[PDB]
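**Q** Sequence, then the experimental structure. Questions to follow.
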Amino acid sequence: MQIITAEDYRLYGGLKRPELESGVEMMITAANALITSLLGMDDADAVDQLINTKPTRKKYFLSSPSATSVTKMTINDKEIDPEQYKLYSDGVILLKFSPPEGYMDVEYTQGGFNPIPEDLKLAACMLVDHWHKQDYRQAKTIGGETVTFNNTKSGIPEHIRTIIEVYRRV
Amino acid sequence: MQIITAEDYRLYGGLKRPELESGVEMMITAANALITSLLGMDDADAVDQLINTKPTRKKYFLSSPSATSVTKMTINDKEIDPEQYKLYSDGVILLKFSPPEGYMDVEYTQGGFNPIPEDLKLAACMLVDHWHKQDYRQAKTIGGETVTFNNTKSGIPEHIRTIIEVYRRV
Amino acid sequence: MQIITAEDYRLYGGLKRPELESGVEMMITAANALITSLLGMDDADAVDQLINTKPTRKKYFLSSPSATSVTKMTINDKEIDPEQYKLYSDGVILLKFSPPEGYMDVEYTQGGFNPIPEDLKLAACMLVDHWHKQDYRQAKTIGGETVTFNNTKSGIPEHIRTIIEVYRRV
Amino acid sequence: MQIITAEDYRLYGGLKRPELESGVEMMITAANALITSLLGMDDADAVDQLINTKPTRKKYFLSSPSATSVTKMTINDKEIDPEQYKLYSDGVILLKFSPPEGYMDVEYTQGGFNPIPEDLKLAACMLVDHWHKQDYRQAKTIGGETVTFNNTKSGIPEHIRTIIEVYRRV
Amino acid sequence: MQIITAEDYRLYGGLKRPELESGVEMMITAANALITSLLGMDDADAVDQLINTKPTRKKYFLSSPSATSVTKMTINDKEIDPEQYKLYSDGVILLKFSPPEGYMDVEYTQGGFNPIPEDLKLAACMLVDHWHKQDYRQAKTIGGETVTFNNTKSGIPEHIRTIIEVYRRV
Amino acid sequence: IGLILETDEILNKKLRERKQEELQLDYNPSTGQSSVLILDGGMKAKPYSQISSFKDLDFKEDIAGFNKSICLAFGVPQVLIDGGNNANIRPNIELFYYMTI
């Protein structure tokens, strides 16, 4: 998963140095991974999940709502066929039969966002700036000017966290 | 969804530089998406929804009150016809028959605002300014002047949040 | 709904520049819409409302107390006639018969204020000034002078909110 | 386990002194071990675990979810064979038979992360800087400049702790 | 309702400019309406009121204690005659017969204060000054002098509110 | 609900779910042995209460009333629905026969 790369940050910052320093490029590479992970996504392509099932229940929720297609499902290692269920958006499967009690094992491909939204791309740029300028402080007074920094929350600067929470899964 | 574009911000700011920097144009593109999302709208055209239904109940609420026309509805994969219901504003459907118990599946087109209200257009401009001037701080004292910033709420500056909440769905 | 236009603000401010900047004119256009909406009015002309009704109850309250005339009413899609009810101020309808149980559907024209009161017109001017001077701050000290701003409430400056609440519906 | 070595820190810092001082190299060697340990991993290759088991229960959780293969399992020193169980991701074993009551003893190889994620690599660099600059203080005012440090949590600087917690096991 | 007009303010202030600015004259026009409304009076001449009535009860209170004469009263649209009741000060009607249960509908003329008391006239002048000098602040320090303003209550400056409450109806 | 645990940190969702399933299977006496719980890093246990309880559904007399109404509309004594003692039972048959039928 890449939310930004060097050209995206270069556009945002307006940088005209011919190249980034290794600092910025490492911080970009870490920022991609961290924002990937705080959303609760992961970068796997095919996912395997094991679900407890009961005959009283026939809606089941897949572990990642971007799941795009189920590719095997089986109960007690008895396989069942694509006519016996329906797959709806946000990774909801509806069984058309009441299942035997026990464990269900399912394989699916999880896809992702497409295209990456511009607000995530901005929030990533602001995080890279946050580490790069070392703005993890409460105040500074170099020379005469002086600033006081945000009341950070979960250690994430508050002005970033709103954009994460607008997408933070679960 | 576009609440503003470059000309709207140019009018608000009174800018006479011949062009925006890539900073401002990216911030505009992110601001459209964020305000789109904090209202709880989405930019899909056709929506599919699955509703639990019971014979005791015959008012049902669509997931997005700007829904403009139902285009299919079915119960237990038994289709039913437009004489058997009535569709009212804010996405309220009233059934003219007491339904069989179980799942209802419905397709509808969700429309949106038209025209975009001027208060949202302003709030978007103020958000773009907020990121652009980097006013996510508690104070600054460059030179002699000095300012103290709003007591932000949900990390959204307080003077913006009123306009969102006047429209924030649910 | 227009509470103010450019001439009203020009009188209040005493402006003698030959024209407003696009900033002020956009802020006026947003201010009309926001104050329209915080009062809980809306700018629709004809309104349709669906009410749950019971034979024990024969006073019913219309959704907008400026409602000026009912133009259709029907119960269970059985129409009823203007002798069978009376319509009183603040949108109160009194039925002269005990209704069949179920849903009532009614159309009415909602009118509004006339003439717009001078206190709303002032409050709108003060809001336009509030955004225009950017007085959404806690303090400023440019040069030697210094000011501290109101303890704003619901994010609306406190000296404005009293005039809204004197009219805020419900 | 090595999350960083001297070249990784040299890239992050942009150092052009020909060598690190023994201070930095010791701090790197300690930082590897500490971040290894705060995640709750350990650097053992083969692990032995003893589990209480009951016939009512047939899912069992291995002590380290990166476990890659079970290599012996036995109950009451009666050995059982790889057809009698299934091993799923995150170190979940599912027994295909209801076990005799008592103690289960199992050997497995625990693997680890691969490749080490860039966010951990960054957090390690920031920790090395934290000790090296001696930023375990609340404030400093050398000369005219002045800074106030983070509100550290569990004694770990707050801007580091988010990246740990995104991976902190259990 | 006019508590003050331009000549009253001119006497209070001692103004010798030949005319008021439009600011002061608008503020006077708003001040009349606001003080009219905070007292809970209104400027209607004839008022219509609907009262729930029971045979156990024969004192009834009119909605505005300045009511000067009842001009129709009727029960269940059965009219009743001025011998059948007595009307006392503060808008108290005493029935000389125990009424049928149900709704009473009454028309009356509400009068007002006469003459307007001098304390209201003063409080209005102080409110006009309050808006005109923009004393809705907590402190100012222009030049060397400095002032701290009242601990306002309900957003009304405390030194005004006593005079309102001495008359605030209900 | 059996327990509520709470943090201001953000936690890796997959590991959090695994941890929930470990706690659930371990603590129940039927499944598992462990009973003490040690929380670290600042996870807080939140006290809660059952905000609406089955105890307040004391329907029992109301439905009994409705049964009596039905039983009364035909006019059959309750002793014939229960069976009682001899002194109850033998006269009640004559009551039912002579008055109703």
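**A** Done, it's in. Numbers count the residues shown, from 1 in each chain, chains lettered A, B, ... in the order given.
**Q** mind checking the longest helix of chain A?
**A** helix A:22-38 (DSSP state H).
**Q** Pull the residues that contact that helix.
**A** Residues from elsewhere that reach helix A:22-38 (CB atoms under 8 Å, 6 or more residues apart in numbering or on different chains): A:1-6, A:9, A:20, A:42-43, A:120, A:123-124, A:127-128, A:131-132, A:156, A:164, A:168, D:11-14, D:117-119, D:121-122, D:163, D:166-167, F:10, F:12. All C-beta spots, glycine's among them, are computed from the backbone N, C-alpha and C.
**Q** mind listing the helices in the chain by residue range?
**A** Chain wasn't specified; assuming chain A. A:6-13, A:22-38, A:118-132, A:158-167.
**Q** wrong one, I was asking about chain F
**A** Secondary structure of chain F, counting by DSSP H: helices at F:13-27, F:60-74, F:78-82, F:86-95.
**Q** chain center to the last one, what's the gap?
**A** From the chain centre to the centre of helix F:86-95 is a distance of 38 Å (CA atoms, centre = their mean, to the nearest Å).
**Q** Which strands and helices lie in contact with it?
**A** Here helix F:86-95 touches helix F:78-82, going by 3 or more CB pairs under 8 Å, 6 or more residues apart in numbering or on different chains; DSSP states H and E.
**Q** in the helix it packs on, what counts as buried?
**A** Within helix F:78-82, the residues scored as buried using 16 or more other CB atoms under 10 Å in any protein chain shown are residue F:79.
**Q** which strands and helices sit next to it?
**A** Helix F:78-82 packs on helix F:60-74, helix F:86-95, going by 3+ CB pairs under 8 Å, 6+ apart.
**Q** most packed of those?
**A** helix F:86-95 (a mean of 12; mean count of other CB atoms under 10 Å in any protein chain shown).
**Q** rewinding a little: redo the helices of chain A as TSV? Include mean neighbour count.
**A** As requested, these are exported to TSV (neighbours: other CB atoms under 10 Å in any protein chain shown):
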stretch	mean neighbour count
helix A:6-13	17
helix A:22-38	20
helix A:118-132	21
helix A:158-167	19
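**Q** Dump those to CSV, plus distance to residue F:76.
**A** Listed next are the helices of chain A as CSV, based on distance: least, CB to CB, whole Å:
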stretch, distance to residue F:76
helix A:6-13, 85
helix A:22-38, 71
helix A:118-132, 74
helix A:158-167, 66
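**Q** Please identify which of those helices is closest to residue E:80.
**A** helix A:158-167 (65.1 Å; CB to CB).
**Q** Give me the number of neighbouring residues for the residue nearest to residue A:97 when sequence neighbours are not counted.
**A** In this structure, residue A:97 finds its nearest non-sequential neighbour in residue A:84, 5.6 Å apart by CB to CB, 6 or more residues apart in numbering or on different chains. Around residue A:84 there are 11 other residues, counting by other CB atoms under 10 Å in any protein chain shown.
**Q** Now that residue A:84 has come up, it's in contact with residue A:95, right?
**A** Yes. Residue A:84 is in contact with residue A:95 according to CB atoms under 8 Å; the separation is 6.9 Å.
**Q** The residue of chain F found nearest chain B: what's it in contact with?
**A** Nearest residue of chain F to chain B (CB to the nearest CB) works out as residue F:8 at 14.8 Å. Taking CB under 8 Å, 6+ apart, we find residue F:8 in contact with A:153, A:154, F:42.
**Q** was I right about the first one contacting residue A:160?
**A** No. Judged on CB under 8 Å, residue A:153 makes no contact with residue A:160 at a distance of 9.5 Å.
**Q** just to revisit the earlier point, return the distance of the longest helix of chain A from the chain's centre.
**A** Counting by CA atoms, centre = their mean, helix A:22-38 comes out at 13 Å from the chain centroid.
**Q** Please save the CA atoms from it in PDB.
**A** Extracted C-alpha coordinates of helix A:22-38, given in PDB (Å, rounded to 0.1, in the frame of the first residue of the first chain):
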ATOM      1  CA  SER A  22      17.300  10.000   3.100                       C
ATOM      2  CA  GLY A  23      15.500  11.300   6.100                       C
ATOM      3  CA  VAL A  24      12.400  12.300   4.200                       C
ATOM      4  CA  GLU A  25      12.400   9.200   2.100                       C
ATOM      5  CA  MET A  26      12.500   6.900   5.100                       C
ATOM      6  CA  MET A  27       9.800   8.900   6.800                       C
ATOM      7  CA  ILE A  28       7.600   8.500   3.700                       C
ATOM      8  CA  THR A  29       8.200   4.800   3.700                       C
ATOM      9  CA  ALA A  30       7.300   4.500   7.400                       C
ATOM     10  CA  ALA A  31       4.300   6.800   7.000                       C
ATOM     11  CA  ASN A  32       2.700   4.600   4.400                       C
ATOM     12  CA  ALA A  33       3.000   1.600   6.700                       C
ATOM     13  CA  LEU A  34       1.800   3.300   9.800                       C
ATOM     14  CA  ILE A  35      -1.300   4.800   8.200                       C
ATOM     15  CA  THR A  36      -1.900   1.400   6.500                       C
ATOM     16  CA  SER A  37      -1.900  -0.100  10.000                       C
ATOM     17  CA  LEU A  38      -3.900   2.500  12.100                       C
END
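**Q** Endpoint to endpoint, stretch A:1-20 covers what distance?
**A** Here the two ends of stretch A:1-20 are set 21 Å apart, with distance taken as CA to CA, to the nearest Å.
**Q** Buried ones among the contacts of residue F:8?
**A** The neighbour count (16+ other CB under 10 Å) marks residue A:154 as buried among the contacts of residue F:8.
**Q** if we look at chain C, which of the contacts of residue F:8 are close to it?
**A** Taking CB under 8 Å from any CB of the partner chain as the test, chain C is in contact with none of the contacts of residue F:8.
**Q** with the contacts of residue F:8 in mind, which one is nearest to residue E:66?
**A** residue A:153 (56.1 Å).
**Q** residues in contact with the closest one?
**A** Applying CB under 8 Å, 6+ apart to residue A:153 gives the contacts A:161, B:155, F:8.
**Q** Give me the spatial nearest neighbour of residue A:46, chain neighbours excluded.
**A** residue A:109 (5.4 Å).
**Q** Which one of the residues in chain F is closest to chain C?
**A** As assessed by CB to the nearest CB, chain C sits closest to residue F:62 within chain F, at 21.8 Å.
**Q** Give me the distance between that residue and chain A.
**A** When distance is defined by CB to the nearest CB, to the nearest Å, residue F:62 is 29 Å away from chain A.
**Q** Same check on residue F:29?
**A** As judged by CB to the nearest CB, residue F:29 and chain A stand 19 Å apart.
**Q** Got the phi and psi for that residue?
**A** Main-chain torsions, residue F:29, degrees, to the nearest 10: phi -60, psi -30.
**Q** In TSV, list the helices of chain F along with distance to residue D:49.
**A** Shown next, in TSV, are those (distance: least, CB to CB, whole Å):
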stretch	distance to residue D:49
helix F:13-27	14
helix F:60-74	53
helix F:78-82	62
helix F:86-95	70
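**Q** Residue D:67 is nearest to which of those helices?
**A** Per CB to CB, nearest to residue D:67 of the helices of chain F: helix F:13-27, 12.3 Å.
**Q** For the closest one, give me every contacting residue.
**A** By CB under 8 Å, 6+ apart, the list of residues contacting helix F:13-27 reads A:40, A:42, A:63, A:169-170, D:57, D:59, D:61, D:65, D:90, D:92, D:169-170, F:2-3, F:31-35, F:37.
**Q** dump the residue contacts of the residue in chain A positioned nearest to chain F.
**A** Minimum separation of chain A from chain F (CB to the nearest CB) falls at residue A:40, amounting to 4.3 Å. By CB under 8 Å, 6+ apart, the residues touching residue A:40 are A:168, A:169, A:170, F:12, F:13.
**Q** change it to 6 Å
**A** By CB atoms under 6 Å, 6 or more residues apart in numbering or on different chains, the contact list for residue A:40 reads A:169, F:13.
**Q** May I have the phi/psi pair for it?
**A** Main-chain torsions, residue A:40, degrees, to the nearest 10: phi 80, psi 0.
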